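Here's the structure we're looking at; comments come further down.
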Amino acid sequence: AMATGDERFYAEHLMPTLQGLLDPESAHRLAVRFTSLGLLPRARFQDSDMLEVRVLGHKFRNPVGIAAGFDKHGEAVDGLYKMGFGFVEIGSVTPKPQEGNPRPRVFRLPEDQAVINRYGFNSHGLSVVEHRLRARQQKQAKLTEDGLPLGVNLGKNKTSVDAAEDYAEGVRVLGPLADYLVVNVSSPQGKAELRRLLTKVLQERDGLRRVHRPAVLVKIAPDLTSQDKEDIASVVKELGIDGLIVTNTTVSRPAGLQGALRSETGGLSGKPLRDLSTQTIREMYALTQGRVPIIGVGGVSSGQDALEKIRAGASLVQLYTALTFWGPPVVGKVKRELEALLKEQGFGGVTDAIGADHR
Ligand SMILES: CCn1c(CO)nn(-c2nc(O[C@@H](C)C(F)(F)F)c(C(=O)Nc3c(C)ccnc3Cl)cc2F)c1=O
Ligand SMILES: Cc1cc2nc3c(=O)[nH]c(=O)nc-3n(C[C@H](O)[C@H](O)[C@H](O)COP(=O)(O)O)c2cc1C
Ligand SMILES: O=C(O)c1cc(=O)[nH]c(=O)[nH]1
């Protein structure tokens, strides 16, 4: 095909060449700019009905989303839908603008198909993002109605005494513009503090007018203890949290990393994260009895990777790191491969496969 043509050219030639000419953060900035300008192939993969998922109070035309981190400040949303993502998550957005950590803060491990980042929540801040989303609010309303929802990942400022108030500020400012909101949780009086935090976030969400009321999801790292996971599952069910995003990057360094930069501080993403992420999905699905929708993320670069997470319990998947190695054709690739595998494994669509390993 012409589709498999582009896939090969980008993966084997263009992306390696560009990544060899640009530092990783410059590559990221340029990518955002090109995406924001729509400088991308036309719609090659027309989405099958098999790929449609209904979850979180919304239609998702396909289950493959762009993970938080790529478009931190909501600059490239429209270009991301043009790239073929079924949904877009922006952020993390912090209340006040902040610069994040000193550069260099992004590192490529090409031998491992992995990245390490320590951006440190560099953010244009809620006000700038709010006005940016307001400018395209009705365009987004039609996109969401057509099965292309928008998520917003909310962060906190580095120097914040009150994490809960930062997240609450985010709910009030960007919740009215979002189909779902995300708050990242780290290691949990720990369970009680999580309950307190999430109660405050949900209260603020419930205070928004009904038409402008987003789903709230909790995003977890893969580095939590069993007890942490057990406590998160319990609190999520108790409070009626709408969903889980599983997982963020890992602070672990799995045996076998080859990249020269493997010992850089930060979160590791891509292929070495894949199976850690999948097994975290499997655990969270079981601990929530399959009642809490999961967005599966970490090392998805193929239809097989996507389907493994779906069968483990994910309703939707996200990727980012695969895009840094494969470029934009990876989205069409993942979707085509997923459709083919669904047919091969006897599923009528994505919905039927969700949690199939647990049955
Ligand atoms: C983790 C930081 N990080 C890194 C490094 O670790 N890379 N990276 C990406 N870089 C990209 O391309 C660059 C090489 C450049 F300079 F070409 F913009 C793209 C991308 O999709 N580019 C792109 C577009 C948008 C349209 C048409 N053609 C092409 Cl190649 C996607 C990425 F996630 C990125 O976010
Ligand atoms: C450069 C970079 C920046 C990221 N920034 C964020 C962020 O701001 N908020 C967040 O929740 N996750 C962030 N992530 C985590 C991704 O959303 C995703 O959970 C993780 O990278 C695993 O998926 P992947 O292996 O497909 O990249 C970031 C990841 C990378 C690589
Ligand atoms: O901004 C970052 O450093 C960042 C945030 C996050 O949630 N995950 C990540 O890997 N990096």
Side-chain angles (χ1 to χ4, degrees), residues 6 9-11 13-41 64-73 76 79-80 82-83 89-94 98 100-101 104-110 113-123 151-156 158 182-186 217-222 245-251 261 265-274 276-277 280 295-301 305-306 309 317-331 334:
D6 280 355
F9 181 68
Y10 277 71
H13 297 304
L14 184 54
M15 298 310 289
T17 300
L18 294 172
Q19 300 285 7
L21 295 167
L22 295 166
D23 78 89
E25 186 163 349
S26 293
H28 189 182
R29 292 190 284 185
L30 282 167
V32 172
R33 186 66 169 278
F34 300 148
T35 306
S36 83
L37 297 169
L39 305 170
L40 303 161
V64 182
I66 180 78
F70 177 71
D71 191 11
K72 283 168 173 289
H73 327 299
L80 292 157
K82 184 178 179 178
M83 210 176 282
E89 191 172 311
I90 65 161
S92 297
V93 188
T94 58
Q98 62 175 38
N101 289 324
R105 62 203 178 162
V106 192
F107 305 94
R108 301 181 285 232
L109 281 64
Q113 304 180 27
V115 169
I116 293 164
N117 89 85
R118 51 159 179 269
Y119 266 117
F121 298 93
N122 58 304
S123 178
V152 178
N153 192 303
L154 304 173
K156 56 181 172 82
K158 193 188 183 178
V182 191
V183 292
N184 297 0
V185 167
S186 55
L217 289 83
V218 166
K219 183 164 183 186
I220 62 168
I245 303 189
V246 184
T247 63
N248 216 309
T249 55
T250 183
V251 305
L261 304 171
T265 293
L268 177 80
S269 64
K271 191 181 261 16
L273 178 58
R274 188 182 59 203
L276 288 171
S277 167
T280 313
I295 302 182
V297 50
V300 173
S301 69
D305 302 339
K309 292 176 156 49
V317 301
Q318 303 171 318
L319 61 85
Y320 179 9
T321 303
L323 193 71
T324 77
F325 295 113
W326 290 79
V330 76
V331 185
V334 171

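Residue numbers run from 1 in the order of the sequence given. Atoms within a ligand are numbered from 1 in the order they appear, just like the ligands themselves.
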Q: Select one of side chain, backbone, both or neither to describe which atoms of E25 lie under 4.0 Å from any atom of ligand 1, heavy atoms only.
A: neither

Q.
Can you check which of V106, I66, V183, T249 brings a heavy atom nearest to atom 20 (C) of ligand 2?
A. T249

Q | Distance filter under 4.0 Å to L22 heavy atoms, resulting ligand 1 atoms | A | 16 (F)

Q: Using a strict cut-off of 4.0 Å, indicate which atoms of ligand 1 neighbour a heavy atom of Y10.
A: 28 (N), 30 (Cl)

Q: Would you mind listing which atoms of ligand 2 come within a distance below 4.0 Å of any non-hydrogen atom of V297?
A: 18 (C), 19 (O), 22 (C), 23 (O)

Q) What part of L30, side chain, backbone, both or neither, has a heavy atom within less than 4.0 angstrom of ligand 1? A) both

(Q) At less than 4.0 angstrom from any non-hydrogen atom of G69, what atoms of ligand 2 do you find? (A) 3 (C), 4 (C), 5 (N), 6 (C)

Q. Under a 4.0 Å heavy-atom cut-off, which residues neighbour ligand 3?
A. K72, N117, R118, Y119, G120, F121, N184, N248, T249

Q. Which atoms from ligand 1 have a heavy atom of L40 less than 4.0 Å away?
A. 26 (C)

Q. Nearest heavy atom to atom 29 (C) of ligand 1: which of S269, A76, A114, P328 does it belong to?
A. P328

Q. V182 near ligand 2, heavy-atom distance under 4.0 Å?
A. no

Q | Closest to atom 30 (Cl) of ligand 1 (judged by heavy-atom distance), picking from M15, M83, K82, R33 | A | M15

(Q) Between ligand 1 and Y320, is the shortest N or O to N or O distance under 3.5 Å? (A) yes

Q: Indicate, as side chain, backbone, both or neither, the part of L39 found under 4.0 angstrom from ligand 1 when only non-hydrogen atoms are considered.
A: backbone

Q. Does ligand 2 have a heavy atom under 4.0 Å from the side chain of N153, from its backbone, from both, or from neither?
A. side chain

Q.
So for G298, does at least one of its heavy atoms come nearer than 4.0 angstrom to any atom of ligand 2?
A. yes

Q) Can you tell which part of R108 has a heavy atom less than 4.0 Å from ligand 1: side chain, backbone, both or neither? A) side chain

